[PDB]
Structure formats: structure tokens, C-alpha cells
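Quick notes on the structure that follows.
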Amino acid sequence: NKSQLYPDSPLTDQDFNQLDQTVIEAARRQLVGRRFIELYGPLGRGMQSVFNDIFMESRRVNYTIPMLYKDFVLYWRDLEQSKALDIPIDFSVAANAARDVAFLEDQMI
Amino acid sequence: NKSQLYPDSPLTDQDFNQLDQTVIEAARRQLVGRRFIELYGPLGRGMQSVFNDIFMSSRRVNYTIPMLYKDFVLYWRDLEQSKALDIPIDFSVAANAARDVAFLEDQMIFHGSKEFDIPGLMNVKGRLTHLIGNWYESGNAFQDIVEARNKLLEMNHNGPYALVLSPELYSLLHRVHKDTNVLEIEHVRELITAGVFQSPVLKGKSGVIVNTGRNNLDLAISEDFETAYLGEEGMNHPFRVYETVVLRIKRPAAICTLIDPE
Amino acid sequence: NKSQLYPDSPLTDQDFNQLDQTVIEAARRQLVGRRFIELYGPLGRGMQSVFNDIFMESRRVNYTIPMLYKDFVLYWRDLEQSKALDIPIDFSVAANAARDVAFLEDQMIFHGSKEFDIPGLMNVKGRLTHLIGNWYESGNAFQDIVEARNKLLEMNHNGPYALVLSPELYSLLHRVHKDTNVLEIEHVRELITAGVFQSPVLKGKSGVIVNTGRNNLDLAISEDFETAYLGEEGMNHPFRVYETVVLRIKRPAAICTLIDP
Amino acid sequence: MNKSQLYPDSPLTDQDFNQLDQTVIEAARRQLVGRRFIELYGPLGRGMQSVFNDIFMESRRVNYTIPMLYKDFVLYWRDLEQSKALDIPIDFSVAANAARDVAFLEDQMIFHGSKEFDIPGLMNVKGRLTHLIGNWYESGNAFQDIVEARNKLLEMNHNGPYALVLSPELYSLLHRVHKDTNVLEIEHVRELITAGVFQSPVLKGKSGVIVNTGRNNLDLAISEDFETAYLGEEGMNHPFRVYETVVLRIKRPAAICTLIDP
Amino acid sequence: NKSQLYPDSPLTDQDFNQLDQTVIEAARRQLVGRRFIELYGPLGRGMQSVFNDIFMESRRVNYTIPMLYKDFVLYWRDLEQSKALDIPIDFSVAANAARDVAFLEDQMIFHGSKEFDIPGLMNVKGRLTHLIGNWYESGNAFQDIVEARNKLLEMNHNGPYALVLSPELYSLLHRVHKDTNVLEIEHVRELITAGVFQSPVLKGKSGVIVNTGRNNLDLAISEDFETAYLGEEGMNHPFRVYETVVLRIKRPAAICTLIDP
């Protein structure tokens, strides 16, 4: 899981799931491309390019798969304060980044 | 096993082994690119394209792995006669098919795959270019190799180098060096430690010096020289000798091509 | 074995083996064709003609297999004297016959069988021809081979090459090269991997370079060198050293011919 | 003692690091010329950041700071994941390029020194013997100039075994045949120089050096051999570094004879 | 052993053996006198002078055995640093001293000990002298050795001969002979069976041919190359590589000397 994938992560397993759920919910609320376009996958990490057969009214074109990303930063002072006061970790910046990856996909689509 | 993979093949298990050996030997003898260019292993099925990082800071290009194949037919009349008389099957057509594919691979290695946008050693962008003088005069050929070898040194390529020349130019280092009273091929072989090779794919007075090493260039083998039964057609048994190979030139500056100015 | 194959043979099993060993040794010492041409066989007695696929730079031609033989005679007086004195039987005449079958094969391999219309190395259509200059001057012989080998290389025939020269040209290769302090034959032997041979069948200044490989040319043998009793005739014991061989040139472009103008 | 525990954050397993080590080491061995005729003094260890050299001129102690030679290459995470998914061995081509560059750096430091730390080289050390060679294109000059150079070492109380390293052009010129003996000059030289006649791209033009092999004459002081260290993961990619710490000590400068073109 | 011989030695038994092996190897790589002169010993520490019977072409002379030594110093800071870092002790200075004792023996063997009045190969009375010509011209070096070896042969000294030349003359032997396509040194090496050596002790154009054999000349060693602790002085550890050797030339007529006019 995430905890063993990033042993140095300040977020625990429960804290990291909230990071995933916040990102997933923010993506679904903004992904308009996936609302009507079917998904061919998940292919997996072993695929870096796909072959597209264009039937004009066939032509085979090798479409390399782009990677769209947004970074965002979780400041340590906020994380330490949340741990000290036993309050849930704020992931508002994480949702903002997901809204920008979902906007990048829509621009690319 | 090829026996169970082609249940309808007329050849037995041992006959396929002889057919495979004939194809392998004919290809290996006729292949000049693989002598000095290393193989990026058997990629196998599931890798239809490969990525080449071109260094001139690197840039990435997606290279589609093309299929090179030649078709040969084993006539049933000849097959039945060999089985009846217990004489070995003549796979001379198989050897010619492997020879033709090997010639095709060498053309793809040197002159590139134009229809697949894959460059070759003789036309890769960014390669060094050297102009050879009159190699008919003794000593000019050695000096040209020295000048071209120094050109690769200027671009941080210390060797070991491999030199491939056209047959017309190759049959010019087989002359006594008047300065040293030795064959000019021997002096070049001392400088070119990876060997000097000929190739019919090069026409006229052309040649290329390649700094050997898997970090400069290699061949991505999706599947090595393999034979496949195309299925019975008109009572005969056609086979396909096919291979899936692409050439990756990671550092084009490691290739210096000798070009006749005329 | 031979004793039961020819019950009337004056030679015993041991005596007949010496006949075979003498014939075999005399054949190997003279067969220059088999030194670089691969054997397609032994097919057996059930094959009398072979199919040759000529790839010109396919054409199927039915090559009937010729039979080459020499007879020789073992006189009974010599055989009786040897038995009486307990000395080994002299097979010098047998070796002489084997030297003539091995010369007949070389003639058929290099010049072809006119009666059966089978081509040879020096005669086949579709071969490459190189006109040699004056090999007497040192250094010309190496250059002529270099240019002739270049013609084979331009046809995607990258060796290994086998060069057969007439004894006049073969001896001309033994002079020291011009300015490389090395015998001219040694430099050619580096160029020709399969070896440089000589054959008396080639007359004058002539030679041939053949790109070896059974996919280029091969030798079809239904039966190798064999000795057969022809039956006693006039108290003598005539035999026959025979073989059924034929040369199949599948790739005529793999043969480069050196001739003089 | 495996590098997996040394770099827990590395993406390579025990076997992948092992394949990485051979790729770096083999590419280094193919290019390291100085190590062929110079003994290795070490590995001293991480506690030796500078070595002491006692020069016996024909005694002065000089402190040499051990230089660190390195080159960086990056393995892309997409490539590592793609190879891992397809069960294909990782492509360490960039590692060989980095290892080859470091090997050239060590050879360049051995011969031409290191101006940054004022460490002398074979062709730069003070007190060495200098021999002005002649036209090696003409016959006999190549062997004679070596004989006088060896005589210079003999007069300086150094009686072998010698090691001769020549520029790549001069090494080929030694393959000529002798004017009278009708034997190649290289075998005559090889009988005089029994530690081996080598060639190196570092020497340019008509240049060479004759070195009296022996620990008491000169040696390589290394604290860390060719080692691949995993740098921190940056930008989701994995950058590595092939580094080594080697300094050359010439205890007897008079045991080195340099062939210099006038 | 060494540890109990010098209880105050900073070097352990393993460290002291490396001192001995370094000294021994450096001596063998430089001792040209012992390559052809037989050893009469080790006599032992109980012998300080030897009797030489000179057979001129007997005379008894008491040759006192000289002692040749070089000191060198092992600094304590280097020894302490090596112990702290667990690295082997550097003995480069020790090898340098051994190269100077092996040069002192060669000087004493070839030129003699003037202080003890002991003759050498190049200096003894009763030797044969040959005046070499111009060795620069090819073929003169071989001829000069031939005539000089002839002088030894006329004195019933029929080999095996050992020839030692100065580096100037030794390198002059490496040119190809005049018209025999063979290196001049190779022809001399055929003439001189015991081998042709060179010594830096011989200056200019000079050399010597010695007819080997312990009945002609020998080397008397009471003690071979030895390393002795001289006791700590100024925190340093001075040693001494020493040997007690002397050359006895019993037959001065067995030495032929090559000099230039």
C-alpha cells in the first residue's frame, strides 16, 4: 500500500487514503471527458504508447501516452499543527491540484 | 516446441531443427551489422515499439519495430520423395530466404527505414562527415582513417572503433603500403581494433566509422531470426523467415561517414 | 560384405579390404573437388537423377547422375605367385585406376559432362568472369584475386571463398610479394579462407573462385568410390572403380572465373 | 554486504545493482590502459583523503590530494517500470557511457596530470627523461629511437621491465616491417619491452612514453575503485554517479622516458 | 628470528619479512655480478678474510672481506599513520637503499675496492686487453667480440663466456647486422653462452668478457643481503642494508677487457 510504497511519507495509511479520496472526488467533479468517453484500460505501467487505427470516411498511428501532472505542496508546519491538535489534515491544496489535472485532461481531450 | 506449434507442418521435430540451423547459419554468415553492433536482448512479444534517447541533454523518439521477412516454399513433390528415399531435405531455399532477410537488415541498418522514419548509419542526423581523397594512391587511405578517427576524438569518442567500407573501397586497403611495405588493411586494423568489414549495401566509394559500444548504438531485437509455417497453399508448404529488428542510434556524433566528394 | 557379394572373387575379405583402402587413399590424394564442395549424400542406388534449382542473379533442371569408372585388371599369374610366396597382393594398378576416376570427377566438376549436358565451375552459365593480366610480374596475382573477389562481394557473396588455380598459376603464387616481404601465396591464403588448391584439369593460365556453402553448390553422390568385380575373363580378374557423382550449381553468381585474354 | 541495504530508496534490487556494477566495471576495463602496467596501491579506504609521495630524484616529500573523478547518468522511472512489467533486463547503456568517460578521465590524469591539484603525469613530471624521436615513417627509425630511449633508462640505472605506451597513430606505425630483418618492428620492440606495448587515445600526434614498471618506481594510489553511487531521487527519476578516487605517485621520475616529436 | 633479534623494532614479524622481501627483490633486479659469477659461501660470520691463489699465465694473497652498506631511515610518523589506518608499511626507501648496495657490489666487482686493495674485472693485473674500434658502424661490434674471444681461446679458455658491456655499447649491439638480416645482439648471444649483460658501472665505451667457472673466479660471501636495526634515533628507526662480499680472481687470464683508445 501507500505506507510501504513511501516509507518516508509523513502521512499514515488513514491520512494517505484521505489524500486519495480528496483527489478522486475532485477529479470526478471536474472530468467531463470521462462522462461519455469509454475507458480502454487500465493497461498498466508496461504500456507507454498505443496504436490508433483511424478509419477515415485504415491508417495506423503510434500515439505515445502523455503524462499530465500537478505538484502541490503539503507544508510541514500545517502537518505538525494538525498532529499536535489531533485535527484532520487539510487537503484543500491537494483538491486544487486534482482540479488542474482534470482540467489538463479536458484540454488534451 | 515448433512441432506442437505447427501441428500441420510436414517437417518433423528434427527437420525443423535442421531448418532452423540452416536459417541461423545462413543469416549469421551474411550479417555484417551484428558483427560490430550489439543486440538489445530479445525483447519478445509485447514490445511492438522501442524508445531511443538521442544524445547530441537527450531527446526521445518512439521507434516502431518493423518486420523483415522472406517467403520460401517446400514443394510437396520434393518432400514426399525425400521421405520415400530417406534422403535429407534440401533447405537451400531456406538459406536463400535467410540470406535475403539478412541483406534487408543490413540495408535497414545502414541506409535506414525510409517508410518507418528510422534513420541508418549513413544518413542519421548529426553524424560526423569526412571526405576521402584518392584512395588509389598508397597512404591516402590510412591518412583518411587517421583524420576521421581524430574527428571522433574531438567529439569525445575514444573507441574502440569499427570501420565498414563498400566492396569497391574495401578492395583498396588490400594493397602494399609503399611507406611501410605492408598491406594497408593491416595498418587500418591496428587503428580500427573492432575490425574492418565490407558490405554490399554500400555503393560506390562510401564508408562509415562507428565507435563501438552499447551506449552509442545497438539493435533492438523484438524477435531474432525465426521461421514460421504459413500454412498449406496449393498442396505446397510455404514458410516465412521473419525477424523484427530496429536500430537505435543513441549518440549520432559517434558515427563518422566517409563520403566521396565526387 | 565383399566376399559374399562376389563369391567368385580370387581376393579374400582381407585382400579385398586392401583393394578398397588402396582405392580410397588414392582417391583422397587426388580429389580436389571434394576439398571445398560439400557432399549431398550418399543418396543411394534408388536415385538416378537429381533436380537442380538454379537461382540466377528459380529454374528447375533434371540432372541425370553420370557414372565415372575405370577398369584395371588383376592378372592371375601375379595373384598365384603372391599366394605361393605368402606376400601381400600388389594393388598398384588399382591405385592407378582410382587416380583416373578422381581425375574424371575433377574434369566433370570443373568442365562439365558434355554427354549429359551438365555444367561445371569453368563452364556454367551465369558465372562471373575476371580477366587476369600478367601474373608473371610480382604483385599482379594478388591484385587480380582482390578485384575478382570484389566481384563476388558485390553480389552479396561474402565468403568463405575457395580458389582453385592451374599449376602454372598456382606455382606463380609462390614468389615473394613486391614490397611486403611475404610470400604472395600467403597473402592470398589470408584472403581465401577455404584454402587455395590446384588442379591439373585447368589448362594454361586459368582459375576459379567459388563461394563455399551447400546453399551455393553441392555434390550429389548416389554411390561413392566403389570397386566391383566384373567377372573372370581370360583367366584374368577385371575390376571396376566407379562412382556416380554430379555437380549441382544452385547459385552460378557464386563462381568467379579467372581467364587470360 | 549488498548495495540494496546501502541505498534502501534505490529502485534496483540486489541483482539489478549487480548487473549495474558489471556494466560499469566492464566498460572501465575495456578503456583503462594505465592500470595495465601500473600497480595499484590500495584500496586505502575512505580515511585517506590525501596521500604522501616520496620523490627520489636522480629525496623530496610531496603531499598529493586524491582527486575525485565522477560522471552522472539518470535512469528514467518509466523505463524501469516498463522493463520490470515486461520481465526484461534493465538497459544500463547510460551507465556504460558514464563509466567510459570516467575511465578516460583516469587515463588523462595519469598521462597529462591534473592541473587542478598540481599532480604530475607520465608526460608532465619533472625529472623525466626526454627523447626526441625521428621520422618513424622511414624504416628503422622506429626501432632505433626506442633503443636510444631504453639506453637512456639503462644509463639511469633502470634495467626494466619496461612498458611502452604510444599514441594510436604511432602504435600502428610500429606494425611496419624492418628494413633488413624482414620482420615486423612490433615483435622486435616487444622483445625489448616485456611488460607490453600499449596504445592510448590520450596521446596525440607523435607522442609516447617508456615506463619502468615496478611499485618502487610508480604506482596508482586509490582509495575507492570504480563505484556506482545512487544519488537522491529527483523529479521521479533516478540519477546515479560513477565515481572513483585515484592519484598517481611517481616515486622515481627518472624511470620515465618520454618520446617527444621535435 | 628478526623480532627476537631486535626486540625494540617497531616492525612486527610480518612487517619485517616485507622489509626483507623488498630488499631481496630490489637486490636481485640490480645484481649483475651474481648473474654469472658463482658464490663461494655463505661462509658465515666467523670469516673476515679469505685467501686467494692467483694463477698467472701460484701467488697467495689474503683478501680481507669488505662490508658494503646503505642506511636509509623509516620515519615514525609514517609508521604510526600506517598502523592507525591499517595500511601496509611503505618500504620504498628500503628498496632504494638495496639498489645502492647492489650498485656498490657491482662497482667493487668491476672496478675493485681501492681502500682494501682488491682488484676487479676491469682492473686486475694479468687480464687480457682488446682495443675495440668503432662500434657505431654495423658489424664492427661482432668482429671485436670475435677477436677478443679469440684471445681467451688462445689461452686455453674455451668458454662458457659471459660478456658485460656498458649501456652505450650494449644498446649498440641491438642494431641489425650488416648483411645477415639478424640482430647483432643475437649473433653475440650465440657466441656468449652465459649471456650478454649490461652494467651502469662501466662508463663510456667499455666492456669485459669473463670465462665463467668457479675455478676461474668466484664470489666469497660471509653474509648476504641483510637488514639490521641500528636502534631508534630521534624518534626515527634507521636500518642498514649490508653485505660482506669480495671478488676472488683466481685466473686473471680468463678475463678479456674491451676498452677504447
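Numbering starts fresh at 1 for the residues of each chain in the C-alpha cells, the chains themselves are lettered A, B, ... in the order given, and ligands are numbered from 1 as they appear.
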Range 105-213 of chain C: residues DSSP assigns to strand (DSSP E or B), reported as a PDB file with N, CA, C and O atoms, in the first residue's frame:
```pdb
ATOM      1  N   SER C 113      30.010 -32.345 -67.842  1.00  0.00           N
ATOM      2  CA  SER C 113      29.777 -33.548 -68.632  1.00  0.00           C
ATOM      3  C   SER C 113      29.014 -33.152 -69.891  1.00  0.00           C
ATOM      4  O   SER C 113      27.822 -32.835 -69.829  1.00  0.00           O
ATOM      5  N   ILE C 118      25.737 -31.327 -68.367  1.00  0.00           N
ATOM      6  CA  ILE C 118      25.834 -30.820 -67.000  1.00  0.00           C
ATOM      7  C   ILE C 118      26.953 -29.789 -66.964  1.00  0.00           C
ATOM      8  O   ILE C 118      28.067 -30.087 -67.404  1.00  0.00           O
ATOM      9  N   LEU C 128      30.589 -15.429 -62.912  1.00  0.00           N
ATOM     10  CA  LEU C 128      31.307 -14.171 -63.041  1.00  0.00           C
ATOM     11  C   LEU C 128      32.674 -14.432 -63.658  1.00  0.00           C
ATOM     12  O   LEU C 128      33.332 -15.423 -63.335  1.00  0.00           O
ATOM     13  N   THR C 129      33.091 -13.546 -64.556  1.00  0.00           N
ATOM     14  CA  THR C 129      34.334 -13.707 -65.295  1.00  0.00           C
ATOM     15  C   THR C 129      35.252 -12.529 -65.004  1.00  0.00           C
ATOM     16  O   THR C 129      34.834 -11.371 -65.105  1.00  0.00           O
ATOM     17  N   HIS C 130      36.495 -12.828 -64.637  1.00  0.00           N
ATOM     18  CA  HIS C 130      37.523 -11.820 -64.427  1.00  0.00           C
ATOM     19  C   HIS C 130      38.703 -12.122 -65.337  1.00  0.00           C
ATOM     20  O   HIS C 130      39.185 -13.258 -65.376  1.00  0.00           O
ATOM     21  N   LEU C 131      39.165 -11.108 -66.063  1.00  0.00           N
ATOM     22  CA  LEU C 131      40.274 -11.260 -66.998  1.00  0.00           C
ATOM     23  C   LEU C 131      41.572 -10.904 -66.284  1.00  0.00           C
ATOM     24  O   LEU C 131      41.835  -9.730 -66.010  1.00  0.00           O
ATOM     25  N   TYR C 161      35.616 -18.107 -49.341  1.00  0.00           N
ATOM     26  CA  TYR C 161      35.930 -18.382 -50.732  1.00  0.00           C
ATOM     27  C   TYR C 161      36.936 -19.518 -50.834  1.00  0.00           C
ATOM     28  O   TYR C 161      37.772 -19.715 -49.951  1.00  0.00           O
ATOM     29  N   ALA C 162      36.832 -20.277 -51.921  1.00  0.00           N
ATOM     30  CA  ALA C 162      37.791 -21.320 -52.252  1.00  0.00           C
ATOM     31  C   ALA C 162      38.316 -21.055 -53.652  1.00  0.00           C
ATOM     32  O   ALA C 162      37.533 -20.960 -54.603  1.00  0.00           O
ATOM     33  N   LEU C 163      39.631 -20.935 -53.777  1.00  0.00           N
ATOM     34  CA  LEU C 163      40.275 -20.596 -55.037  1.00  0.00           C
ATOM     35  C   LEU C 163      41.043 -21.800 -55.557  1.00  0.00           C
ATOM     36  O   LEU C 163      41.883 -22.361 -54.846  1.00  0.00           O
ATOM     37  N   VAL C 164      40.750 -22.196 -56.792  1.00  0.00           N
ATOM     38  CA  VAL C 164      41.443 -23.286 -57.465  1.00  0.00           C
ATOM     39  C   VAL C 164      42.110 -22.720 -58.707  1.00  0.00           C
ATOM     40  O   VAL C 164      41.445 -22.103 -59.546  1.00  0.00           O
ATOM     41  N   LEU C 165      43.416 -22.931 -58.824  1.00  0.00           N
ATOM     42  CA  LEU C 165      44.198 -22.399 -59.926  1.00  0.00           C
ATOM     43  C   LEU C 165      44.905 -23.530 -60.658  1.00  0.00           C
ATOM     44  O   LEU C 165      45.159 -24.599 -60.100  1.00  0.00           O
ATOM     45  N   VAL C 176      57.810 -14.223 -53.780  1.00  0.00           N
ATOM     46  CA  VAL C 176      57.668 -13.232 -52.720  1.00  0.00           C
ATOM     47  C   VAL C 176      56.988 -11.994 -53.291  1.00  0.00           C
ATOM     48  O   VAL C 176      57.285 -11.572 -54.415  1.00  0.00           O
ATOM     49  N   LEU C 183      55.423 -14.119 -48.800  1.00  0.00           N
ATOM     50  CA  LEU C 183      55.087 -14.894 -49.986  1.00  0.00           C
ATOM     51  C   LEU C 183      53.700 -14.521 -50.496  1.00  0.00           C
ATOM     52  O   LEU C 183      52.755 -14.363 -49.719  1.00  0.00           O
ATOM     53  N   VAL C 196      43.624 -22.429 -50.853  1.00  0.00           N
ATOM     54  CA  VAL C 196      43.997 -22.313 -52.256  1.00  0.00           C
ATOM     55  C   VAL C 196      44.494 -23.672 -52.724  1.00  0.00           C
ATOM     56  O   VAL C 196      45.498 -24.185 -52.216  1.00  0.00           O
ATOM     57  N   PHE C 197      43.794 -24.257 -53.687  1.00  0.00           N
ATOM     58  CA  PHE C 197      44.135 -25.559 -54.236  1.00  0.00           C
ATOM     59  C   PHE C 197      44.632 -25.406 -55.669  1.00  0.00           C
ATOM     60  O   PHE C 197      44.613 -24.319 -56.251  1.00  0.00           O
ATOM     61  N   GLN C 198      45.085 -26.519 -56.237  1.00  0.00           N
ATOM     62  CA  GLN C 198      45.474 -26.575 -57.636  1.00  0.00           C
ATOM     63  C   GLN C 198      44.936 -27.860 -58.244  1.00  0.00           C
ATOM     64  O   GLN C 198      44.788 -28.876 -57.559  1.00  0.00           O
ATOM     65  N   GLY C 207      41.796 -20.177 -63.633  1.00  0.00           N
ATOM     66  CA  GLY C 207      41.465 -20.415 -62.241  1.00  0.00           C
ATOM     67  C   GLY C 207      40.010 -20.092 -61.991  1.00  0.00           C
ATOM     68  O   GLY C 207      39.289 -19.634 -62.881  1.00  0.00           O
ATOM     69  N   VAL C 208      39.582 -20.339 -60.757  1.00  0.00           N
ATOM     70  CA  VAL C 208      38.194 -20.118 -60.369  1.00  0.00           C
ATOM     71  C   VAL C 208      38.144 -19.830 -58.876  1.00  0.00           C
ATOM     72  O   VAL C 208      38.877 -20.434 -58.088  1.00  0.00           O
ATOM     73  N   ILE C 209      37.283 -18.891 -58.492  1.00  0.00           N
ATOM     74  CA  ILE C 209      36.990 -18.598 -57.094  1.00  0.00           C
ATOM     75  C   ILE C 209      35.533 -18.955 -56.851  1.00  0.00           C
ATOM     76  O   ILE C 209      34.643 -18.458 -57.551  1.00  0.00           O
ATOM     77  N   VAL C 210      35.290 -19.817 -55.870  1.00  0.00           N
ATOM     78  CA  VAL C 210      33.955 -20.318 -55.572  1.00  0.00           C
ATOM     79  C   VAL C 210      33.613 -19.959 -54.136  1.00  0.00           C
ATOM     80  O   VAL C 210      34.374 -20.275 -53.215  1.00  0.00           O
ATOM     81  N   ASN C 211      32.471 -19.307 -53.946  1.00  0.00           N
ATOM     82  CA  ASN C 211      31.978 -19.023 -52.604  1.00  0.00           C
ATOM     83  C   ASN C 211      31.370 -20.296 -52.030  1.00  0.00           C
ATOM     84  O   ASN C 211      30.325 -20.761 -52.497  1.00  0.00           O
TER      85      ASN C 211
END
```
Q: Pick out the chain B residues within 7 Å of chain D. Count only C-alpha atoms. Give them as a PyMOL selection string.
A: chain B and resi 43+158+179-182+187+190-191+214-215
Could you tell me which residues of chain B sit within 12 Å of chain A when counting only C-alpha atoms, and give me the result as a PDB file with C-alpha atoms, in the first residue's frame?
```pdb
ATOM      1  CA  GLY B  46       4.606  -7.417 -26.117  1.00  0.00           C
ATOM      2  CA  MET B  47       7.116  -4.753 -27.225  1.00  0.00           C
ATOM      3  CA  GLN B  48       5.971  -3.519 -30.637  1.00  0.00           C
ATOM      4  CA  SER B  49       7.982  -0.286 -30.374  1.00  0.00           C
ATOM      5  CA  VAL B  50      11.124   0.897 -28.605  1.00  0.00           C
ATOM      6  CA  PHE B  51      12.349   4.229 -27.252  1.00  0.00           C
ATOM      7  CA  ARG B  60      13.185  10.861 -27.065  1.00  0.00           C
ATOM      8  CA  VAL B  61      11.763   9.276 -30.216  1.00  0.00           C
ATOM      9  CA  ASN B  62       9.354   6.340 -30.472  1.00  0.00           C
ATOM     10  CA  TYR B  63      10.731   3.829 -32.984  1.00  0.00           C
ATOM     11  CA  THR B  64       8.309   1.265 -34.383  1.00  0.00           C
ATOM     12  CA  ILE B  65       9.934  -2.156 -34.700  1.00  0.00           C
ATOM     13  CA  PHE B 116       9.155   3.885 -40.955  1.00  0.00           C
TER      14      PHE B 116
END
```
Show me a table, sorted first by chain and then by increasing residue number, of the residues of chain A having an atom at most 12 Å from chain D, each with its shortest atom pair and the distance in Å to one decimal, counting only C-alpha atoms and written as CSV.
```
residue,atom,partner,partner_atom,distance
A:4,CA,D:9,CA,11.6
A:5,CA,D:9,CA,10.3
A:6,CA,D:9,CA,9.3
A:7,CA,D:9,CA,9.3
A:8,CA,D:9,CA,9.7
A:43,CA,D:85,CA,11.3
A:44,CA,D:85,CA,8.5
A:45,CA,D:82,CA,6.1
A:46,CA,D:82,CA,4.4
A:47,CA,D:82,CA,7.0
A:48,CA,D:82,CA,7.9
A:49,CA,D:82,CA,11.2
A:65,CA,D:78,CA,11.5
A:66,CA,D:78,CA,11.7
A:67,CA,D:78,CA,10.6
A:69,CA,D:236,CA,11.7
A:71,CA,D:235,CA,10.5
```
Produce a file of the selected residues containing N, CA and C atoms, as a compact mmCIF listing (two decimals), in the first residue's frame.
```txt
# COMPACT_ATOMS: atom_id res chain seq x y z
N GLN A 4 3.90 1.56 2.77
CA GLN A 4 5.12 0.85 2.40
C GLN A 4 5.69 1.31 1.06
N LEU A 5 4.88 1.95 0.22
CA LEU A 5 5.39 2.50 -1.03
C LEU A 5 6.24 3.74 -0.79
N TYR A 6 5.87 4.56 0.20
CA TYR A 6 6.63 5.75 0.58
C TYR A 6 6.87 5.68 2.08
N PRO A 7 7.90 4.94 2.52
CA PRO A 7 8.15 4.82 3.96
C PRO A 7 8.44 6.14 4.65
N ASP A 8 8.94 7.13 3.92
CA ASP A 8 9.25 8.43 4.49
C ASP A 8 8.07 9.40 4.44
N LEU A 43 -4.45 -0.16 -18.73
CA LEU A 43 -3.49 -1.02 -19.42
C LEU A 43 -2.38 -1.46 -18.48
N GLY A 44 -1.87 -0.55 -17.67
CA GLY A 44 -0.76 -0.83 -16.77
C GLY A 44 0.48 -0.03 -17.13
N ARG A 45 1.47 -0.15 -16.25
CA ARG A 45 2.71 0.60 -16.41
C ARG A 45 3.58 0.06 -17.54
N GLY A 46 3.28 -1.12 -18.06
CA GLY A 46 4.07 -1.69 -19.13
C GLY A 46 3.78 -1.15 -20.51
N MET A 47 2.84 -0.22 -20.63
CA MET A 47 2.45 0.35 -21.91
C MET A 47 2.77 1.84 -21.89
N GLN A 48 3.57 2.29 -22.86
CA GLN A 48 3.92 3.70 -22.98
C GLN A 48 3.40 4.34 -24.25
N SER A 49 2.97 3.54 -25.23
CA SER A 49 2.39 4.07 -26.45
C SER A 49 1.32 3.11 -26.93
N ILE A 65 1.68 7.87 -25.05
CA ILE A 65 0.77 8.30 -23.99
C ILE A 65 1.41 9.42 -23.19
N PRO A 66 0.83 10.62 -23.19
CA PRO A 66 1.39 11.71 -22.39
C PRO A 66 1.10 11.50 -20.91
N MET A 67 1.86 12.21 -20.08
CA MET A 67 1.66 12.22 -18.64
C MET A 67 1.30 13.63 -18.21
N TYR A 69 0.34 16.09 -14.96
CA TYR A 69 0.60 16.09 -13.53
C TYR A 69 0.49 17.50 -12.97
N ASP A 71 1.66 19.36 -9.01
CA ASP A 71 2.54 19.01 -7.90
C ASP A 71 1.91 19.25 -6.53
```
Q. Distance CA of residue 143 in chain C-CA of residue 256 in chain C, one decimal place?
A. 14.6 Å
(Q) Residues of chain D within 8 Å of chain E, counting only C-alpha atoms, what are they? List them as a list in words. (A)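 So the residues of chain D near chain E are residues 44, 47, 144, 147, 148, 151, 154, 155, 156, 157, 159, 180, 181, 182 and 216 of chain D.
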Q: Dump as a list in words the residues of chain B that approach chain C to within 7 Å, counting only C-alpha atoms.
A: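 Matching residues, ligands excluded from the count: residues 30, 87, 92, 95, 167, 168, 171, 176, 181, 182 and 200 of chain B.
Counting from CA of residue 35 in chain E, the distance to CA of residue 214 in chain D is 20.6 Å.
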Q | Neighbour list for residue 29 in chain A as a VMD selection string, cut-off 10 Å, only C-alpha atoms, skip fewer than 6 positions in-chain | A | chain A and resid 98 to 99 102
Just the selected residues (N, CA and C atoms), exported as a PDB file, in the first residue's frame, please.
```
ATOM      1  N   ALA A  98      -5.795  18.428  -8.145  1.00  0.00           N
ATOM      2  CA  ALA A  98      -6.598  17.471  -8.899  1.00  0.00           C
ATOM      3  C   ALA A  98      -7.524  18.181  -9.877  1.00  0.00           C
ATOM      4  N   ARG A  99      -7.980  19.382  -9.524  1.00  0.00           N
ATOM      5  CA  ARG A  99      -8.833  20.159 -10.413  1.00  0.00           C
ATOM      6  C   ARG A  99      -8.044  20.679 -11.606  1.00  0.00           C
ATOM      7  N   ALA A 102      -7.494  17.391 -13.882  1.00  0.00           N
ATOM      8  CA  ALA A 102      -8.751  17.168 -14.588  1.00  0.00           C
ATOM      9  C   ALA A 102      -9.028  18.260 -15.615  1.00  0.00           C
TER      10      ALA A 102
END
```
Q. Running DSSP on the backbone, which parts of range 42-178 of chain C land in helix (DSSP H, G or I), as a PyMOL selection string?
A. chain C and resi 76-85+92-111+140-154+167-172
**Q.** Nearby residues (only C-alpha atoms) at most 10 Å from range 92-94 of chain A, same-chain spacing under 4 positions excluded, as a list in words
**A.** residues 19, 20, 22, 23, 26, 70, 71, 72, 73, 74, 98 and 99 of chain A
Q. Within 12 Å of residue 27 in chain A, counting only C-alpha atoms, which residues qualify if same-chain residues fewer than 5 places away don't, as a list in words?
A.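 Everything that qualifies: residues 20, 21, 22, 32, 33, 34, 35, 94, 95, 96, 97, 98, 99, 100, 101, 102, 103, 104, 105 and 106 of chain A.
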